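Visitor: One structure is given below, represented as structure tokens, and several questions about it will come after.
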Number of protein chains: 2
Amino acid sequence: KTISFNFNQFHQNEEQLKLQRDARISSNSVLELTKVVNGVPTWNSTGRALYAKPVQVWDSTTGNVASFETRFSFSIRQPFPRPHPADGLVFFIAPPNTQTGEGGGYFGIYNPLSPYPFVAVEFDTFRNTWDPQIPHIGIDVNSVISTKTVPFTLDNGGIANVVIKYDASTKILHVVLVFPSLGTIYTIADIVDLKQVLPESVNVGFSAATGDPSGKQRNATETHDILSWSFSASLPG
Amino acid sequence: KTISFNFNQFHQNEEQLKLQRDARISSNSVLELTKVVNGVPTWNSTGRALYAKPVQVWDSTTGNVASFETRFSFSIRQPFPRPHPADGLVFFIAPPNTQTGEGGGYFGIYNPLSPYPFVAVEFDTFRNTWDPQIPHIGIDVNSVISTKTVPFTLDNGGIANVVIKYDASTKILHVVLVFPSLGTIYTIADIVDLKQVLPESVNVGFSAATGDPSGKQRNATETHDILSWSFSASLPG
Ligand SMILES: *[C@@H]1O[C@H](CO)[C@@H](O[C@@H]2O[C@H](CO)[C@@H](O)[C@H](O)[C@H]2NC(C)=O)[C@H](O[C@@H]2O[C@@H](C)[C@@H](O)[C@@H](O)[C@@H]2O)[C@H]1NC(C)=O
Ligand SMILES: *[C@@H]1O[C@H](CO)[C@@H](O[C@@H]2O[C@H](CO)[C@@H](O)[C@H](O)[C@H]2NC(C)=O)[C@H](O[C@@H]2O[C@@H](C)[C@@H](O)[C@@H](O)[C@@H]2O)[C@H]1NC(C)=O
Ligand SMILES: *[C@@H]1O[C@H](CO)[C@@H](O[C@@H]2O[C@H](CO)[C@@H](O)[C@H](O)[C@H]2NC(C)=O)[C@H](O[C@@H]2O[C@@H](C)[C@@H](O)[C@@H](O)[C@@H]2O)[C@H]1NC(C)=O
Ligand SMILES: *[C@@H]1O[C@H](CO)[C@@H](O)[C@H](O[C@@H]2O[C@@H](C)[C@@H](O)[C@@H](O)[C@@H]2O)[C@H]1NC(C)=O
Ligand SMILES: [Ca+2]
Ligand SMILES: [Ca+2]
Ligand SMILES: [Mn+2]
Ligand SMILES: [Mn+2]
């Protein structure tokens with residue numbers, strides 16, 4: 001059983017996508033996860049976009065787990081450098097029908113008063129009390145406190161290509177981040193057992209957030225645009 | 001005990017490299033693993049290049065294993081597409097003082113008469129009886145029958161960027177192959193316990209080969225050039 005989808009661009013009112021909070025699709029085909037007014041990003045914004053249909057990552061009848069691959073391009077533009085850009089974006093896997101959690105350093109995927117499991121790959125731009133030097137790529141399992149982290153230099157306003165691959169036989173989640181204009185390549189990988197953290201069916205998508213009001217800084221913002229996205233999953237069981 | 005070297009270009013008579021068989025450094029600074037006469041690659045060629053100093057990947061006293069990262073660019077030019085180019089190149093890790101093995105599909109790293117252990121990342125261009133479709137990236141442990149494989153499409157005569165990273169804490173060996181001119185990214189990973197297969201001290205280097213005469217095809221050839229190479233290893237012990 002295989003499932004796959006591809007988005008060369010994003011059309012307004014895409015029946016295949018589920019938009020939440022501030023997420024919006026521009027007229028120029030970009031998925032803007034967080035609020036951008038008159039070409040300027042704002043703080044206190046959170047937005048998510050999930051693939052409309054649930055995907056089965058494992059089967060309890062056979063115990064088999066899915067292998068998958070996803071590729072996407074994103075762009076993070078940071079207009080106001082001085083204070084500190086925030087917060088970042090993530091590709092994530094969670095139980096179906098979840099609601100946007102806390103914004104800010106929680107990217108909109110963590111809800112303290114009713115936590116739901118999740119596996120996420122973050123592109124963190126703001127250093128929270130629990131983070132190492134930013135920006136960094138991180139593998140998150142149920143917590144925004146990454147199991148593994150790798151720093152990277154952002155191509156401000158530039159395009160970044162990401163490849164996330166999960167091999168069930170080895171339980172390896174490997175991610176590649178490339179900035180074609182800079183010729184830089186970043187890599188990180190960790191062992192993650194999906195069967196141990198997630199339910200059989202899940203939702204895959206993105207979530208991003210800009211500076212939270214509590215920070216008292218309106219400049220703590222940036223764009224979190226997804227330009228294209230393909231997904232392929234294979235469940236033998 | 002960290003160690004690292006970096007070759008942004010190769011100079012003839014590199015005191016740092018040990019060249020074996022047909023391996024040679026061209027005037028314009030590129031490391032030609034296999035024979036190329038008058039700008040034309042030939043069959044029946046095999047060559048290797050090893051860093052002259054042995055590196056310690058693990059220590060029996062503390063038991064600690066080294067974590068390392070290596071980056072290099074190569075270029076395979078396939079002048080004759082019709083029959084079938086051969087054979088490919090590999091980055092390998094082996095015991096010090098070994099000699100070039102069999103050519104052809106053995107890339108010059110495997111010796112049937114007296115096999116020595118090794119861990120290699122291959123870039124396979126010819127399909128042998130034990131191979132899946134070509135070209136493919138492959139992780140090889142003590143043999144040329146990859147534990148893990150992934151297909152890729154070669155950028156003929158183009159530049160390829162490679163990142164090989166080994167994390168001792170997880171035992172994950174992850175490799176990334178990027179063709180900047182095509183924008184394509186290929187990734188593969190597997191679990192390898194260096195301690196279980198290799199001695200404490202080893203040699204790191206490259207090996208390549210063109211079509212073996214036994215195939216009776218003079219067109220089974222291609223270049224196998226290395227343009228640059230950096231290596232970094234950190235043994236916490
Ligand atoms: C928030 O971003 C603004 C735009 O980048 C900052 O203002 C810019 O500050 C520059 C000097 O740091 C100055 O050359 C630019 O002209 C100015 N741009 C604009 C459109 O105002 C702003 O910096 C604060 O406000 C300015 C006016 C100065 O007083 C700075 O000393 C202030 O830090 C940023 N605000 C914060 C919280 O840093
Ligand atoms: C493939 O390359 C081999 C080089 O490693 C050639 O081996 C030959 O081995 C001889 C034994 O000591 C040596 O004198 C020769 O110099 C060398 N080849 C050359 C440059 O003449 C091999 O050559 C073939 O096999 C040898 C044994 C002779 O019969 C040659 O006349 C053959 O051409 C190369 N094979 C082919 C088919 O080109
Ligand atoms: C070995 O590689 C050669 C270089 O591509 C092939 O020759 C080329 O074949 C083309 C059509 O096959 C032809 O248009 C080219 O003019 C020719 N180039 C040269 C310099 O020979 C060769 O192809 C075979 O052998 C040649 C001599 C011709 O008879 C072709 O018709 C044959 O297909 C390749 N040989 C093999 C083993 O395929
Ligand atoms: C941050 O976003 C929330 C949700 O989009 C808004 O409700 C907030 O706007 C207004 O001010 C806050 C303090 C609260 O009273 C809310 O109910 C209001 O709508 C917004 N807060 C900021 C800092 O603008
Ligand atoms: Ca953060
Ligand atoms: Ca082969
Ligand atoms: Mn973080
Ligand atoms: Mn192979």
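In the structure tokens, the first chain shown is A, the next is B, and so on; residue numbers restart at 1 for each chain, and ligands run from 1 in the order shown.
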Around ligand 8, which protein and nucleic acid residues have at least one atom no more than 10 Å from it, if we count only C-alpha atoms and all ligand atoms? List them as an MDAnalysis selection string.
Guide: chainID B and resid 87:88 105:107 121:140 143:150
Visitor: Mind dumping the selected residues with C-alpha atoms as a JSON list (two decimals), in the first residue's frame?
Guide:
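This is the output file out_30.json:
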[["chain", "number", "residue", "atom", "x", "y", "z"],
["B", 87, "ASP", "CA", 32.61, 0.56, -13.02],
["B", 88, "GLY", "CA", 32.36, 3.38, -10.51],
["B", 105, "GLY", "CA", 32.92, -4.48, -10.05],
["B", 106, "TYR", "CA", 35.27, -4.85, -7.12],
["B", 107, "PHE", "CA", 36.39, -1.24, -7.50],
["B", 121, "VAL", "CA", 30.38, 4.12, 0.16],
["B", 122, "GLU", "CA", 30.12, 3.26, -3.51],
["B", 123, "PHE", "CA", 28.91, 5.18, -6.56],
["B", 124, "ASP", "CA", 28.18, 2.28, -8.83],
["B", 125, "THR", "CA", 27.84, 2.78, -12.59],
["B", 126, "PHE", "CA", 27.81, -0.81, -13.91],
["B", 127, "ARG", "CA", 25.30, -3.51, -13.05],
["B", 128, "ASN", "CA", 27.01, -6.70, -11.92],
["B", 129, "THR", "CA", 25.12, -9.93, -11.09],
["B", 130, "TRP", "CA", 24.80, -8.86, -7.42],
["B", 131, "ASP", "CA", 23.65, -5.31, -8.21],
["B", 132, "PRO", "CA", 20.25, -3.61, -8.39],
["B", 133, "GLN", "CA", 19.70, -1.07, -11.19],
["B", 134, "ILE", "CA", 22.51, 1.42, -11.86],
["B", 135, "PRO", "CA", 23.72, 3.96, -11.13],
["B", 136, "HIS", "CA", 23.32, 3.68, -7.39],
["B", 137, "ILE", "CA", 24.89, 4.75, -4.14],
["B", 138, "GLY", "CA", 25.70, 1.82, -1.90],
["B", 139, "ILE", "CA", 26.89, 1.15, 1.61],
["B", 140, "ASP", "CA", 29.36, -1.75, 1.60],
["B", 143, "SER", "CA", 31.93, -6.91, 0.47],
["B", 144, "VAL", "CA", 30.65, -5.25, -2.69],
["B", 145, "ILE", "CA", 27.11, -6.57, -2.09],
["B", 146, "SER", "CA", 25.68, -3.42, -0.51],
["B", 147, "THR", "CA", 23.71, -3.64, 2.74],
["B", 148, "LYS", "CA", 21.76, -0.65, 1.49],
["B", 149, "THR", "CA", 21.36, 0.87, -1.96],
["B", 150, "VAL", "CA", 19.66, 3.87, -3.61]]
Visitor: Kindly assemble as CSV a list of the chain B residues that lie within 9 Å of ligand 2, each paired with its nearest atom pair and their distance in Å to one decimal, using only C-alpha atoms and all ligand atoms, sorted first by chain and then by ascending residue number.
Guide:
residue,atom,partner,partner_atom_place_in_ligand_line,distance
B:21,CA,ligand 2,5 (O),8.1
B:22,CA,ligand 2,5 (O),8.9
B:43,CA,ligand 2,38 (O),8.0
B:44,CA,ligand 2,1 (C),4.9
B:45,CA,ligand 2,2 (O),6.6
B:46,CA,ligand 2,5 (O),8.4
B:212,CA,ligand 2,1 (C),8.1
B:213,CA,ligand 2,37 (C),5.3
B:214,CA,ligand 2,37 (C),8.1
B:216,CA,ligand 2,37 (C),8.4
Visitor: Within 9 Å of ligand 3, counting only C-alpha atoms and all ligand atoms: which residues, as a count of residues only?
Guide: 11
Visitor: When you get a sec, could you note down which chain B residues fall within 8 Å of chain A, using only C-alpha atoms, as a CSV table (one decimal) with C-alpha atoms, in the first residue's frame?
Guide:
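So part.csv came out as:
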chain,number,residue,atom,x,y,z
B,163,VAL,CA,28.8,14.5,2.4
B,170,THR,CA,23.9,6.2,17.0
B,172,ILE,CA,24.5,6.0,11.8
B,174,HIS,CA,24.6,8.9,6.4
B,176,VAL,CA,24.3,12.7,0.8
B,180,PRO,CA,24.5,21.3,-8.0
B,183,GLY,CA,19.5,20.6,-8.3
B,185,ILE,CA,19.6,15.4,-4.0
B,187,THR,CA,20.4,10.4,0.5
B,189,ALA,CA,21.8,5.9,5.5
B,190,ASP,CA,22.5,2.7,7.4
B,191,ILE,CA,23.7,1.4,10.8
Visitor: Identify, with DSSP run on backbone atoms, the residues in segment 135-235 of chain B assigned to strand (DSSP E or B), and express the list as a PyMOL selection string.
Guide: chain B and resi 136-141+148-151+160-167+172-179+184-191+201-210+225-234
Visitor: Nearest to ligand 4 among A:42, A:153, A:201, A:75, with distances taken over only C-alpha atoms and all ligand atoms: which residue is it?
Guide: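 With only C-alpha atoms and all ligand atoms as the atom set, the closest residue is A:42.
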Visitor: Would you mind listing what lies within 12 Å of residue 15 of chain A as an MDAnalysis selection string, with only C-alpha atoms counted and same-chain residues fewer than 4 positions away left out?
Guide: chainID A and resid 10:11 19 49:53
Visitor: I need the chosen residues saved as a tab-separated table (two decimals), in the first residue's frame, with N, CA and C atoms.
Guide:
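Contents of part.tsv, as written:
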chain	number	residue	atom	x	y	z
A	10	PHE	N	1.04	25.96	-4.95
A	10	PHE	CA	-0.17	25.88	-4.16
A	10	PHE	C	-1.24	26.81	-4.70
A	11	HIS	N	-2.43	26.27	-4.95
A	11	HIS	CA	-3.54	27.05	-5.46
A	11	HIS	C	-4.46	27.45	-4.33
A	19	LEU	N	-6.01	24.12	6.03
A	19	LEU	CA	-5.34	25.29	6.58
A	19	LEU	C	-5.87	25.63	7.97
A	49	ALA	N	-0.64	23.77	8.09
A	49	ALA	CA	-1.24	23.27	6.86
A	49	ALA	C	-0.99	21.78	6.90
A	50	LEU	N	-2.06	21.01	6.82
A	50	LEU	CA	-1.95	19.56	6.85
A	50	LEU	C	-2.54	18.97	5.58
A	51	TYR	N	-2.02	17.82	5.17
A	51	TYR	CA	-2.55	17.14	4.01
A	51	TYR	C	-3.93	16.63	4.47
A	52	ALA	N	-4.96	16.98	3.71
A	52	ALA	CA	-6.34	16.64	4.04
A	52	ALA	C	-6.64	15.20	4.49
A	53	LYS	N	-6.00	14.22	3.86
A	53	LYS	CA	-6.26	12.82	4.20
A	53	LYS	C	-5.24	12.22	5.15
Visitor: Figure out the distance between atom CA of residue 69 of chain B and atom CA of residue 223 of chain B, please, to one decimal in Å.
Guide: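 Here the two named atoms are 25.0 Å from each other.
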Visitor: Among segment 51-201 of chain A, which ones does DSSP place in helix (DSSP H, G or I), written as a ChimeraX atom specification?
Guide: /A:104-106,194-197
Visitor: I'd like the interatomic distance between atom CA of residue 208 of chain A and atom CA of residue 234 of chain A, to a tenth of an Å.
Guide: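 Between atom CA of residue 208 of chain A and atom CA of residue 234 of chain A the gap works out to 27.1 Å.
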Visitor: Give me the residues near residue 100 of chain B as a PyMOL selection string, where near means some atom within 10 Å (using only C-alpha atoms) and where sequence neighbours in that chain fewer than 5 positions away do not count.
Guide: chain B and resi 20-21+46-48+107-111+207
Visitor: Calculate how many Å separate atom CA of residue 2 of chain A from atom CA of residue 227 of chain A, rounding to one decimal.
Guide: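 Spanning atom CA of residue 2 of chain A to atom CA of residue 227 of chain A is a straight-line distance of 24.1 Å.
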